[PDB]
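**Q** Residue numbers (PDB author numbering), protein chains in the order written: chain F, 3 to 233, 238 to 411; chain E, 2 to 233, 238 to 411; chain A, 2 to 233, 238 to 411; chain C, 2 to 231, 239 to 411.
By construction, the Cβ of each residue, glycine as well, lies at the ideal position given by its N, Cα and C atoms.
Okay, handing you the structure first.
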Amino acid sequence: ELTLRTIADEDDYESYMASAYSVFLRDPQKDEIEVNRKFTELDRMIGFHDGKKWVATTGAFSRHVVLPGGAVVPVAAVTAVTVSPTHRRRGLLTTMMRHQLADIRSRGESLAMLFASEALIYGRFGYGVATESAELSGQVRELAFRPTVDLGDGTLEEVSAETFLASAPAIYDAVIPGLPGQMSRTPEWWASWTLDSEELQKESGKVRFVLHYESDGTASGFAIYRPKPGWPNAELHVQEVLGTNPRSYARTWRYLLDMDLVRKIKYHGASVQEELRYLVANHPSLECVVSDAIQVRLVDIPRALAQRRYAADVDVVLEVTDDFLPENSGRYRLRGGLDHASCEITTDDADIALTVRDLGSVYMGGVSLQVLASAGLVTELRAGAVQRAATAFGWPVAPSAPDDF
Amino acid sequence: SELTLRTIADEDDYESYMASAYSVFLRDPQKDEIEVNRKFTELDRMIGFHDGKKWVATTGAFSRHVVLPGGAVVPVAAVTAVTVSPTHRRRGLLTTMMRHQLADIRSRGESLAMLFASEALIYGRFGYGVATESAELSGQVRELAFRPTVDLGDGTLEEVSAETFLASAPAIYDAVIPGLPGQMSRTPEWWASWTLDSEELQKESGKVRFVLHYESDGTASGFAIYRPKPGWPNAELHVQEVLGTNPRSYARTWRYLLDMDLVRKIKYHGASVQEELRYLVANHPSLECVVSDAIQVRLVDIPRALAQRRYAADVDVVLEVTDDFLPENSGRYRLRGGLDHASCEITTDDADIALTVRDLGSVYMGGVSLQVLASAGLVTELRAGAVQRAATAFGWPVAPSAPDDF
Amino acid sequence: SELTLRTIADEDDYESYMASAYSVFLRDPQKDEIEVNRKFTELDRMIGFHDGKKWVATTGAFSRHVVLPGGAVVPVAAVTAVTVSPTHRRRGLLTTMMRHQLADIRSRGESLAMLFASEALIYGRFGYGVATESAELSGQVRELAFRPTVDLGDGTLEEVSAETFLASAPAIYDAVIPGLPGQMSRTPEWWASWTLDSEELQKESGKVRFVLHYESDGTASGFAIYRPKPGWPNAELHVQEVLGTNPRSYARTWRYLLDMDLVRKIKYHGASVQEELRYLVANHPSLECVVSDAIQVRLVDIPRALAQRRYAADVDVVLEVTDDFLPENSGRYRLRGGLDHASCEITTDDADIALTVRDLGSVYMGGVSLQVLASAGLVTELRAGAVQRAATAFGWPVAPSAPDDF
Amino acid sequence: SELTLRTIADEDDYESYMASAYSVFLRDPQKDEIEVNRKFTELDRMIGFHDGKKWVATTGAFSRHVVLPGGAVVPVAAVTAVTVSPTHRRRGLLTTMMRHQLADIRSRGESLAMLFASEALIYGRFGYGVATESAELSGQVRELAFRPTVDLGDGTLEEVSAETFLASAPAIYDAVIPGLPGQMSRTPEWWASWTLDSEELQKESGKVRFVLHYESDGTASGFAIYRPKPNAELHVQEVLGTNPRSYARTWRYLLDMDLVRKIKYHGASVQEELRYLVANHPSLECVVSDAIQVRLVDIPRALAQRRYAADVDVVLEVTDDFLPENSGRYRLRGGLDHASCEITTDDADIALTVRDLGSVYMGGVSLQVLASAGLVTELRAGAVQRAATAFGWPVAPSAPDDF
Ligand SMILES: CC(=O)SCCNC(=O)CCNC(=O)[C@H](O)C(C)(C)COP(=O)(O)OP(=O)(O)OC[C@H]1O[C@@H](n2cnc3c(N)ncnc32)[C@H](O)[C@@H]1OP(=O)(O)O
Ligand SMILES: CC(=O)SCCNC(=O)CCNC(=O)[C@H](O)C(C)(C)COP(=O)(O)OP(=O)(O)OC[C@H]1O[C@@H](n2cnc3c(N)ncnc32)[C@H](O)[C@@H]1OP(=O)(O)O
């Protein structure tokens, strides 16, 4: 006998998290679970319980994500989606998805996002891969910059997490409106993102924080990294580098690249068009491995298309097919540009037909709509409409992965 | 040691010319490659330095034609065989050969020069910029199932000899490449080199095989070039090229390569960063994607080159271009372009964007975002909102792809 | 930003000092190592830069004593804990600390300084020269049989506790080191650090073990320090040190480690390049030998340092010494040395050899040939026959060995 | 199964002789190597056992000349092609061939024999001792910058054909080897084998290349032999120069060559000058192993032909187990400009075997270390110390070309 319910208490939450970690073949990291509890809404963490333990889980964090154009809209941060192997292939995931996607529409969140882990799972529920990330690595001795890179007058300082947290949120909130895909970070989220977890210490070492100051003393850049000593070939596992100006960005990177005793650097979760890739004088010296990052499930399709902005003017009619939620299917007229966006049901002839997962794949501008059509996954009903739609759905800045959840 | 800059005089000089190039690349001269590539080599375009006994520096270019964003096929100098012997390095020989070649490219009416960079950092100083990237796709074939909505069609496939392949694939190639910017036209001589069963590639894997995809009526609509590498069942497939005239033939041919019974891993080097195969696969992470440099672009005639291509969106921008190596190109260009029009003029109006010719070449094929180059500090915005609109126009819904090797 | 150069003020300042040093080395502060090394740390010899809140640069030296060729034990500055925080690097902080330290070393009557470089190329500019090498010996224990004429004696071996080891090994150590130039005297505090069962070394292998070799009459004549690394039977023995007062105890102790069941590979880092074990083995290639830097020498008082050691053969040579970092030491010195006498004085006679102070330090311990340095172009011979005779005199029949780590 | 000890009879016998040697080494006969090495092969010096159908054991020696400490070039038996077929091993065939060869070496007036040990423990019983070591130098070329005071000179380098290389390198080689003990004289026939573009080495790397360094006046002053392996590797065979500037310039040429990431130099000296030119000493990995074993056949002559780094007057009690006729007491009087060794009746200062005496003969092994190890016995205090210094040399011995 299985029961769908929410978390009743933190004792039930610690058992809720223990079962989820158990599905991932991991001992529950008590430090990570404790810090993430500070922003865990127990009414949003659902799952199945057989009266003796949890056998399935599915959660969602109330977060806010930057869209193309600078809008910060509410988004469901889907997390902790597990089914115990003794109850798999029985429909438990299908039920939780239907309950969560209805709950997401309740709270006004126009879409949902989550990290794929295995991408082929959520495509049936309407999720589409919309963001890719690149793992950048290589020898720091080969990563000299182009001779025209301006490092500026800035200064850098190894500092504690709190002086970091006293300036980094100001630096973060200033640059993310221009970085679609990034999510806002409350004080409770910065605590988890800067957490010195024991598990990451096993892989490299304790966390360290750098701040970049301009000549007048203003903080303008930060860095999160972990050193892995080795023999001399130590490794720098970079977690995040950001700057309010190109000089603070290049100065912070050149600081990490010039660190004595270091030979190899690693930056996982970076953008596929990270500024560092184009600063290096020799591109092949910085290996770039691209993979999935964020999947998108449009819950309010007309509001989602009207919440973002488009790189160029577009007037296209889309015949959307939501196989998972047939009430969302329809035919909308999208009238969008750099400064306007409207999406309403229309009875006019359709220009393009595609599923809701394909509409979500191209939503953040990370996947080309034209490529999906030439591949046979999207159908052009009127000539020329796909090419102009693929350009408008694009964006000069590629989407990037937010902090982990 | 008196050096003379000159072109190839005859085939005996041509073979010695190639011998030094292979020697600088630390390779024995491949006689099969050198002999078949001669058929399209213009001796007067192969320059270099000769000390009276042997070639000590080389630099050449093939007269080819590349597809631009918009479908235009324009002449391009396919730069190749750029070497300086290590005994004569750091003496200015490359800088001289670059000056003579780039001037010669302009004299022949070629608006641009393209190049496969072995070492990317070499040519940035000469005005070259990385404009196209390529991805090495690989993974376990048993994890590369397609999405359930992928239509494979009713076509049939035959593995056939190179000659029958060459009697049908060139027609297929010419039909699809107008929509694939970066691809180059392939004459019979270039098809002969591209399909050459070279011994060096046989060493890494095996003899070349050729596949043709036929529609239900017998019309050839797709092809594939690959080499097997047996191992123990632990065999690999090194895919050289896959193309089709419709989505069904493309997917059907890939499914053919993936369902080979003794194969476990497959590899496709030189694929597009937006190769359709990546989106056909049901589990994206099962197809590893490593991205690296492909083609560097050197704009030789900026006004003509910018007017020959089409732009994804309307743009009216003034570009302050600085060309340090070729200062005759430094100046301000007004670009007014769209999906069906393009015009470029040297102007004195106020500039909207400041950038070097190498960065302008980087964004020319729509493979590098002009906005990212500006956010990185390499490009300077002079008037608000200009870079955003220019970046979108310089883009293209189809990413540029790498042509056949040269 | 304001920096202040000062020494450690108290014990709480000592912890912060060592914490910054470990941080620059990208390591967590090892409290077991920091606690045991404090016992011989002189706070007035530990300098560094402080920005008012934390140490941003460190540089220290232990007052130690080193054996010279001939058996003389002279004071030496054991340089240690040289760090500059990455936020303050390449700004001259080390250069200043070097000037302060080298001047401070001279005041203490120390004629020379010694050093293990993390990166050797650092200290050449300050007058340091590589003078001693060490060899990492390793191989399969079942291939390391000894020559048939090697006498193992009638001794007995016992595995003992650290307390029993420290009550008998120092007497054995003190007896052998007069004939091993480069080895340093070990106080009880240094034995405590040298035998520390540090947690970091337990991770790489296992807990430290101690072995004592007893003669037939019960006299302890040899010892061994090693750590096991279990693995499957394919375990490793990581030998830290083996010593004996006679060839039988030396060979018997090694034979004990080599005959240990369940062991397959053995490793001995920091051995001498002329370690006796290398010549005991019947099949020399079975004992792999990798040679690398050990100790760098910085001569602070040239006349005294050259007069404190003995020379393998008679020499009467005039040396034109150039000291770029400390130009006050530059000058011309006449060296008169032999097996039982040594003198060095400023002279005005014609010079026989021209060399820098770093190269003079390189040959000072008899580990680097002055003839090779001259044939290499680093040292200039002014009068024929001088370098050959001087090179032999600066040598020694026993190669210098690396002391315990600092 | 009747075995006959005999020498090579003709050229057809030479092919079968060499083929059996390669077979024991589990290798197909390399015809390019066999053909070029015939030009300096003396058939009467190639002995072995033949069972009436095939060679079942081999042992040979090349008549060469080796540089000793002090610059003297003396004749030496370069022992080679020592094999015993696995169907006839452990029956004394090698021991018999050793007695015949060493007796033949004594009859030819050669005071010593030298040999490259495949397995070192084999020949110690016959009086051979490891006397010279070689170092394999390797590392990343981008980490091998030189010290700032290294003068590269104004010379120029050219890649040349084997023929052009062979018209200038031998003169450079002959000029420098008097100061490099262990190096052997190279006739044109030996240069042909040393520079042979053998097929076996082409598979491991590539075709052989040759470099010449010319002074400002056009005088060739250095050379280099290397093979490329396309993160490409350079396998350096030999680099030499007549002055420090040409030596460093040639190495700088190999280290700055484009597309190269790692370089390897097998058979280098343990005190190779390159090791001290590098600004970052640890960047040049150094692995040391056995090179040449020495078998002293005429102790008084061999010890008197070399020079000693310092004056010495020592009496050595030498034990020669395999050849007991050489056992006896020798007084050595040597220095930088004199050397004599004679049977004496004075009290002995040091006791050692002939194999250990051969080990220290080239100055590559310390007599003090052998004594401290228990292999050599000191009879009078202070004798080993002075003898060890004299038996040393300011230039470490180096390995000659392969044989
Ligand atoms: C204690 C021991 O046993 S050795 C421990 C020291 N080794 C370490 O790696 C400790 C970590 N500390 C560092 O790396 C420091 O940054 C150090 C050692 C490089 C010195 O700090 P700095 O303040 O930057 O040195 P300073 O500026 O005073 O002068 C250094 C000079 O030598 C050069 N140099 C110093 N260390 C190095 C090095 N590791 N690699 C290359 N060049 C170096 C500098 O470039 C400069 O020479 P220049 O005039 O040509 O530029
Ligand atoms: C470049 C050169 O010329 S060196 C190349 C020679 N090395 C080779 O491995 C070549 C291939 N040939 C062989 O291996 C032969 O079998 C050899 C070298 C072992 C000698 O052949 P054999 O006829 O068996 O030699 P022989 O019978 O005279 O043995 C004499 C002693 O040496 C010992 N011995 C010789 N070689 C070895 C060895 N590789 N391992 C162990 N013991 C050995 C024998 O056990 C025997 O010991 P003993 O006196 O206590 O009985």
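1) For a cutoff of 8 Å on Cβ pairs, would you count C:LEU158 as touching chain E?
2) Taking 6 Å as the limit between beta carbons, can you name the residues of its chain near C:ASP198, skipping five residues before and five after?
3) Under DSSP, the beta strand (DSSP E) around E:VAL212 begins and ends at which residues?
4) Three or more C-beta pairs closer than 8 Å, one from the segment 382 to 397 of chain F and one from the segment 85 to 103 of chain F: is that the case here?
5) Closest by CA to A:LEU248, which one among A:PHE224, A:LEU292 and A:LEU44?
6) In angstroms with no decimal places, state the Cα-to-Cα distance between E:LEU383 and F:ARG253.
7) If we call anything under 8 Å between Cβ atoms a contact, is A:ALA310 one with A:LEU267?
8) Here's the rule: buried if 16 or more other CB atoms are within 10 angstroms of the residue's CB, otherwise exposed. What is F:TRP195?
9) For a contact meaning CB atoms closer than 7 Å, what does E:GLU281 contact in chain F?
10) Closer than 6 Å from C-beta to any heavy atom of ligand 3: which residues, in chain order?
11) Output the residue ranges of the beta strand (DSSP E) runs that lie fully inside the segment 267 to 319 of chain C and measure 3 residues or longer, sorted by chain position.
12) Would you call C:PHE26 buried or exposed, if buried means 16 or more other Cβ atoms sit within 10 Å of its Cβ?
13) As an exercise, report each continuous alpha helix (DSSP H) stretch of at least 4 residues that is fully enclosed by the segment 68 to 133 of chain E, in chain order.
14) Let me make sure I understand the geometry here. Which of E:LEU365, E:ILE271 and E:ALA78 has the alpha-carbon closest to that of E:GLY232?
15) Who does F:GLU159 pair with in a DSSP beta bridge?
16) Do you know how far the Cα of C:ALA287 is from the Cα of C:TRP259?
17) Decide if the segment 355 to 363 of chain C is in contact with the segment 318 to 328 of chain C; the criterion is three or more beta carbon pairs, one per stretch, under 8 Å apart.
18) Chain A partners of F:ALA225, CB-CB under 8 Å?
19) Buried or exposed for A:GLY140, please, with buried defined as at least 16 other CB atoms from any protein chain shown within 10 angstroms of its CB.
20) Look at the alpha carbon of C:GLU386 and the alpha carbon of A:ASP155, and state the distance between them as a whole number of angstroms.
21) Starting from the C-beta of C:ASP29, find all residues in its chain whose C-beta is less than 8 Å away, skip the five residues before and the five after it, and write them out in chain order.
22) With three or more C-beta pairs closer than 8 Å as the rule, is the segment 303 to 319 of chain F touching the segment 396 to 410 of chain F?
23) Does DSSP put C:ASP321 in a helix, a strand or coil?
24) Give the range of the beta strand (DSSP E) segment to which E:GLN393 is assigned.
25) Beta-carbon of residue 420 of chain A versus every beta-carbon of chain F: anything under 8 Å?
26) In angstroms, rounded to a whole number, what distance separates the CA positions of C:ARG65 and A:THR157?
27) Output the boundary residues of the beta strand (DSSP E) element that contains A:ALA359.
28) If C:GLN301 and C:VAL131 are in contact, beta carbons under 8 Å, what's the gap, nearest whole angstrom?
29) Could you check where the beta strand (DSSP E) with A:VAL384 kicks off and where it finishes?
30) Can you tell me where the alpha helix (DSSP H) holding F:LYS204 begins and where it ends?
31) Who are the neighbours of F:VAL403 on chain E, taking C-beta pairs under 8 Å?
32) Under the rule that 16 or more other beta-carbon atoms within 10 Å means buried, what is F:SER217, buried or exposed?
33) DSSP puts E:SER135 in a beta bridge; with which residues?
34) So, are the CB atoms of E:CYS294 and F:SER277 less than 8 Å apart?
35) F:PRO252 versus chain E: which residues are under 9 Å apart at the beta carbon?
36) Tell me the residue span of the alpha helix (DSSP H) that contains A:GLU36.
**A** Working from what's here:
1) Here residue 158 of chain C refers to the residue found at position 157 of the fourth sequence. Yes, contact with chain E.
2) The residue you call residue 198 of chain C lines up with position 197 of the fourth sequence. Excluding sequence neighbours, C:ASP198 sits near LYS208 and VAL209.
3) The residue given as residue 212 of chain E occupies position 211 in the second sequence. Looking at the DSSP string, the run of the beta strand (DSSP E) that includes E:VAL212 is 210 to 215.
4) no
5) The residue labelled residue 248 of chain A in the question sits at position 243 within the third sequence. For the residues A:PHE224, A:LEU292 and A:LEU44, the minimum Cα distance to A:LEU248 belongs to A:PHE224.
6) Here the question's residue 383 of chain E lines up with position 378 in the second sequence. Here the question's residue 253 of chain F lines up with position 247 in the first sequence. Straight-line Cα distance between these residues: approximately 11 Å.
7) On the third sequence, residue 310 of chain A is found 305 positions in, with the first residue counted as 1. On the third sequence, residue 267 of chain A is found 262 positions in, with the first residue counted as 1. No, they are not a contact pair.
8) Here residue 195 of chain F refers to the residue found at position 193 when the first sequence is read from its first residue. Buried.
9) In the second sequence, residue 281 of chain E corresponds to position 276, counting from 1. Within 7 Å Cβ-Cβ: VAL377, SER380 and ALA381.
10) Among the ligands present in this structure, namely ligand 1 and ligand 2, ligand 3 is not found.
11) 268 to 276 and 293 to 304
12) Counted from its first residue, the fourth sequence places residue 26 of chain C at position 25. C:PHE26 should be labelled exposed.
13) 94 to 108
14) On the second sequence, position 231 is the one that residue 232 of chain E refers to. For E:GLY232, the nearest C-alpha among the options comes from E:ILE271.
15) Along the first sequence, read from residue 1 onward, the residue named residue 159 of chain F stands at position 157. F:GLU159 pairs with F:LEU213.
16) For the purposes of this step, residue 259 of chain C is identified with residue 251 of the fourth sequence, where counting begins at 1. For the purposes of this step, residue 287 of chain C is identified with residue 279 of the fourth sequence, where counting begins at 1. Cα-Cα distance, rounded: 14 Å.
17) yes
18) To locate residue 225 of chain F, count along the first sequence from 1; it is residue 223. Those within 8 Å of F:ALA225 in chain A number zero; the least Cβ separation is about 11 Å.
19) Here the question's residue 140 of chain A lines up with position 139 in the third sequence. Burial call: buried.
20) Taking the fourth sequence and counting its residues from 1, one reaches residue 386 of chain C at position 378. Taking the third sequence and counting its residues from 1, one reaches residue 155 of chain A at position 154. For C:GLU386 and A:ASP155, the distance between alpha carbons rounds to 21 Å.
21) Numbered from 1 along the fourth sequence, position 28 holds the residue referred to as residue 29 of chain C. Taken in chain order, the residues that qualify are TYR23.
22) yes
23) Here residue 321 of chain C corresponds to residue number 313 of the fourth sequence, with the count starting at 1. Reduced to three states, the DSSP call for C:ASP321 is strand.
24) By 1-based counting over the second sequence, the position of residue 393 of chain E is 388. Where E:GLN393 is concerned, there is no enclosing beta strand (DSSP E), although the alpha helix (DSSP H) it sits in stretches over 391 to 399.
25) Coverage of chain A is limited to positions 2 through 411, which leaves residue 420 of chain A absent and any answer about it impossible.
26) The count along the fourth sequence starts at 1 and reaches residue 65 of chain C at position 64. The count along the third sequence starts at 1 and reaches residue 157 of chain A at position 156. For C:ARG65 and A:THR157, the distance between alpha carbons rounds to 51 Å.
27) What you label residue 359 of chain A is simply residue 354 of the third sequence in a count that begins at 1. Note, A:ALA359: beta strand (DSSP E), 358 to 361.
28) Translated into positions along the fourth sequence, residue 301 of chain C becomes position 293. Translated into positions along the fourth sequence, residue 131 of chain C becomes position 130. With a Cβ gap of about 5 Å, C:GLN301 and C:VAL131 count as contacting.
29) To locate residue 384 of chain A, count along the third sequence from 1; it is residue 379. Note, A:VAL384: premise wrong, no beta strand (DSSP E); not H, not E.
30) Here residue 204 of chain F refers to the residue found at position 202 of the first sequence. That run of the alpha helix (DSSP H) goes 200 to 205.
31) Taking the first residue of the first sequence as 1, we reach residue 403 of chain F at position 397. In chain order: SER374, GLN376, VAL377 and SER380.
32) Here the question's residue 217 of chain F lines up with position 215 in the first sequence. It counts as exposed.
33) Within the second sequence, numbered from 1, the residue matching residue 135 of chain E stands at position 134. Answer is E:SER277 and E:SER297, bridged to E:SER135.
34) Here the question's residue 294 of chain E lines up with position 289 in the second sequence. Here the question's residue 277 of chain F lines up with position 271 in the first sequence. No, Cβ-Cβ distance for E:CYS294 and F:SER277 is not below 8 Å.
35) Translated into the one-based positions of the first sequence, residue 252 of chain F becomes position 246. Per Cβ cutoff of 9 Å: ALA379, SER380, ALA381, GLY382 and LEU383.
36) Here residue 36 of chain A refers to the residue found at position 35 when the third sequence is read from its first residue. It spans 32 to 39 - the alpha helix (DSSP H) in which A:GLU36 sits, taken as one unbroken run.
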